[PDB]
Amino acid sequence: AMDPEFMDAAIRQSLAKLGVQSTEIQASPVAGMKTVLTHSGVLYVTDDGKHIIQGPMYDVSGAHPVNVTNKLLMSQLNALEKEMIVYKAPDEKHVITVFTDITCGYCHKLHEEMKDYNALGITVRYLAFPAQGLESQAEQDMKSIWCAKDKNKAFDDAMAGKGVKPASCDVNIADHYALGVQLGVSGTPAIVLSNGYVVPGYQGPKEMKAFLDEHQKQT
Amino acid sequence: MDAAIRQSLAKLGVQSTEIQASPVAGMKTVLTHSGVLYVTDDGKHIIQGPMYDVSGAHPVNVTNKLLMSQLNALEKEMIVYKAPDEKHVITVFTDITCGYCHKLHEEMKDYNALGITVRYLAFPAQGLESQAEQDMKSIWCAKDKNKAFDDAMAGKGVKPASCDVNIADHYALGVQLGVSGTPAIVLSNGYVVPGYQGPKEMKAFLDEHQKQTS
């Protein structure tokens, strides 16, 4: 703590020149490179700040390749647990975190199936991801929903077509969005597994259950 | 040997064509037909390219800068339309079935007039085994490549011709450079300008880029 971290200072300065203005810098599993969190994604930067490569980074030593960028990010993701809209399964077999958008068609499709996911042992945890960006009406509307006293009711209501009641709190949707971007989320709904794996596409409950079971076995 | 890197790649179904140094100690530049990977010496970790050097005034894609060796090595297989008073050299990936490639070729005199030399490589979007690939092979195997290319682009059909020219190598290089559609304009430092850009625009862009990277 009394020892200077002057090399990280070079990273920040190097990124500042590029317009990347705020950073979190952590170790990486690769010697002489640091993991750098930015609002625009994860960057792997050499210790001296001179070279940059966009994530993700994969660990390919095992039977299946794993995205260690996303695996690492599950610490950030899990730290946002209190800001999640959680629909817990009675007999929980899997927990997925879903980046969702109240204006996205398959997010409606997915939510309509919540009972069936839950019945199959799948707990669904929601974070907000306005696919149209942070200055869209959806960001504003989702913030109200996430600031409601009953988040589950507000979210249910909105997806049924009832309409959000205004509300404010300290929850920043921009933080959910940055996490989504760092995890490689572009299209919603984006289903993220407990090890960071982002499921390609939408899958209904029966398909998702089999996928989750097999994913657990293999990884 | 790079056994560890090759072992990991083999496990993922990936065939490297080259493995060479990178700017990062302990990590190699690995060329494959699908693109460039950065892989640790121990074969444990992979990040897809490209890598940028950001130490200068402007970010430089060093992956593509490196590939300019591979690219310039293909000199003799390029169809070059030289400007009389050469100010810039650009390499262009083209397809004889691509509308914008035809627009570009029709305007070659204009690019040349502004001091821009154009060097073509083949990039048949339809991939290998396609009719476009074969026809373009025939063109690149002509005794007179410029004549054959002008003739085809003017709509005069394609004359059968055989030689050792491997279009797939052009295609692989384009893919490694980040080319996905044609025409693709590549600068002397590997920078890709995606799509078509006009002679006056290109000249101004080329002049500014030279000032930026000198």
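Lettering follows sequence order; numbering is per chain, from 1. Scope of the values below: all heavy atoms of this structure, side chains included, with no hydrogens, waters or symmetry mates.
Counting heavy-atom neighbours within 6.0 Å of A:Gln218 CD, excluding the residue itself, gives a total above 12. Environment of CD in B:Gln131: crowded, with over 12 heavy atoms of neighbouring residues, nucleotides or ligands closer than 6.0 Å. Residue-environment remark: CD (A:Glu214) exceeds the threshold of 12 foreign heavy atoms within 6.0 Å. Heavy-atom contacts from other residues, nucleotides or ligands closer than 6.0 Å to NE2 of B:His33 number 12 or fewer. Within 6.0 Å of NZ on A:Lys17 lie more than 12 heavy atoms contributed by other residues, nucleotides or ligands. Around atom CD of B:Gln126, no more than 12 heavy atoms belonging to other residues, nucleotides or ligands sit under 6.0 Å away.
Residues B:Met136 and B:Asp95 have side chains in contact (heavy-atom distance under 4.5 Å, counting atoms from C-beta outward). Two residues are said to be in side-chain contact when any heavy atoms from C-beta on lie closer than 4.5 Å; A:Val45 and A:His51 fail this criterion. At a threshold of 4.5 Å between non-hydrogen side-chain atoms, the residues A:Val185 and A:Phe129 count as touching. In this structure, A:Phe211 and A:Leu193 have side chains that are in contact, with non-hydrogen atoms separated by less than 4.5 Å. For the pair B:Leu66 and B:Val36, the minimum side-chain heavy-atom distance is 4.5 Å or more. B:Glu77 places none of its side-chain heavy atoms less than 4.5 Å from the side chain of B:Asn166. Using a 4.5 Å heavy-atom cutoff, the side chains of A:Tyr177 and A:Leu134 are in contact. The side-chain heavy atoms of B:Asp53 and B:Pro23, taken from C-beta on, include no pair separated by under 4.5 Å.
The two residues B:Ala21 and B:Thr29 make their nearest non-hydrogen contact at O-OG1, 2.7 Å. Here the closest non-hydrogen pair linking A:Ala154 and A:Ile145 is CB-CG2, 3.8 Å. Smallest separation of non-hydrogen atoms from B:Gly49 and A:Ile53: CA-CD1, 4.0 Å. A pairwise comparison of heavy atoms in A:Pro56 and A:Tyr44 identifies C-CE1, 4.2 Å as the closest pair. The two residues A:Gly204 and A:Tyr117 have their closest heavy-atom pair at CA-OH, 3.5 Å. Closest non-hydrogen pair, A:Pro166 versus A:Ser144, comes out as CA-OG, 3.9 Å.
Each side-chain hydrogen bond (donor to acceptor under 3.5 Å, both in side chains) pair with one or both residues in residues 179-192 of chain A, not counting sequence neighbours, would appear here, but there are none.
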(message) For a side-chain contact (heavy atoms from CB on, under 4.5 Å) check, start with the C-alpha distance between B:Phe93 and B:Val192, then their side-chain angles and the critical distance, and finish with the verdict.
(response) CA-CA 10 Å; B:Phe93 290 89; B:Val192 184; over 6 Å; no
(message) Before you tell me yes or no, could you show the steps for A:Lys206 and A:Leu120 under side-chain contact (heavy atoms from CB on, under 4.5 Å), namely the whole-Å CA-CA distance, both residues' side-chain angles and the distance that decides it to 0.1 Å?
(response) CA-CA 8 Å; A:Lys206 257 306 154 188; A:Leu120 291 172; 3.6 Å; yes
(request) In sequence, state the C-alpha distance, the side-chain angles, and the governing distance for A:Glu113 and A:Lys109, and then conclude on salt bridge (charged side-chain N to carboxylate O under 4.0 Å, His left out). (result) CA-CA 7 Å; A:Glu113 306 188 293; A:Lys109 181 73 165 64; 3.4 Å; yes
(message) Is there a side-chain contact (heavy atoms from CB on, under 4.5 Å) between A:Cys107 and A:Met159? Walk through the geometry before answering.
(response) CA-CA 9 Å; A:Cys107 291; A:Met159 307 306 280; 4.2 Å; yes
(request) Please test A:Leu183 against A:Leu77 for side-chain contact (heavy atoms from CB on, under 4.5 Å), starting from the C-alpha separation and ending with a verdict. (result) CA-CA 10 Å; A:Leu183 283 163; A:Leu77 181 145; 4.1 Å; yes
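Remark: the backbone N or O of B:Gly43 is paired with a side-chain donor or acceptor of B:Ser8 at under 3.5 angstrom. A:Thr23 places no side-chain N or O within 3.5 Å of a backbone atom of A:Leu37 that could act as its donor or acceptor partner. Between the B:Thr40 side chain and the B:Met27 main chain, no donor and acceptor come within less than 3.5 Å of each other. The main-chain N or O of A:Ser136 is never found under 3.5 Å from a side-chain atom of A:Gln140 such that the two would form a donor-acceptor pair. Looking at A:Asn152, its side chain does come within 3.5 Å of a backbone N or O of A:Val86 through a donor-acceptor pair. Proximity of a side-chain donor or acceptor of B:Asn61 to a complementary backbone N or O of B:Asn64 within less than 3.5 Å is detected. The backbone N or O of A:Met57 sits less than 3.5 Å from a side-chain atom of A:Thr69, completing a donor-acceptor pair. Side-chain atoms of A:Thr97 never come within 3.5 Å of backbone atoms of A:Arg125 as a donor-acceptor pair (strictly under, hydrogens ignored). At least one donor-acceptor pair closer than 3.5 Å links the side chain of A:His108 to the backbone N or O of A:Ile102.
Test B:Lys203, B:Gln210, B:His209, B:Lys211 against B:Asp207 for side chain to side chain donor-acceptor pair (under 3.5 Å) and you get one pass: B:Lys203. Exactly one residue among A:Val36, A:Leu18, A:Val20 makes a side chain to side chain contact (heavy atoms under 4.5 Å, CB included) with A:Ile52. That residue is A:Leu18. Just one of A:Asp116, A:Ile122, A:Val124 meets the side chain to side chain contact (heavy atoms under 4.5 Å, CB included) condition when paired with A:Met208; it is A:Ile122.
With sequence neighbours excluded, the residues forming a salt bridge (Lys or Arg N to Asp or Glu O under 4.0 Å) with A:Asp8 are A:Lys34, listed by chain and number.
Atoms OG and CD, on A:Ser40 and A:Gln54 in that order, are 9.0 Å from each other to the nearest 0.5 Å. For the atom pair A:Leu15 CG and A:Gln21 CD, the distance stands at 9.5 Å (nearest 0.5 Å). A distance of 12.0 Å separates OH in B:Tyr191 from OG1 in B:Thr213, rounded to the nearest 0.5 Å. Between B:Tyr196 atom OH and B:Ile185 atom CD1 the span is 8.5 Å, to the nearest 0.5 Å. To the nearest 0.5 Å, the span separating CG on B:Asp135 from OG1 on B:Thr97 amounts to 9.5 Å. Atom OG1 of A:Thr123 is separated from atom CG of A:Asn118 by 6.0 Å, given to the nearest 0.5 angstrom.
Using cut-offs of 30° and 60° for the angle between ring planes, the B:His170 and B:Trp140 rings count as perpendicular. Ring orientation note: the planes of A:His111 and A:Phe155 are nearly perpendicular, at an angle over 60° on the 30°/60° scale.
No hydrogens or angles considered: nothing links the side chains of A:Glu24 and A:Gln76 as a donor-acceptor pair under 3.5 Å.
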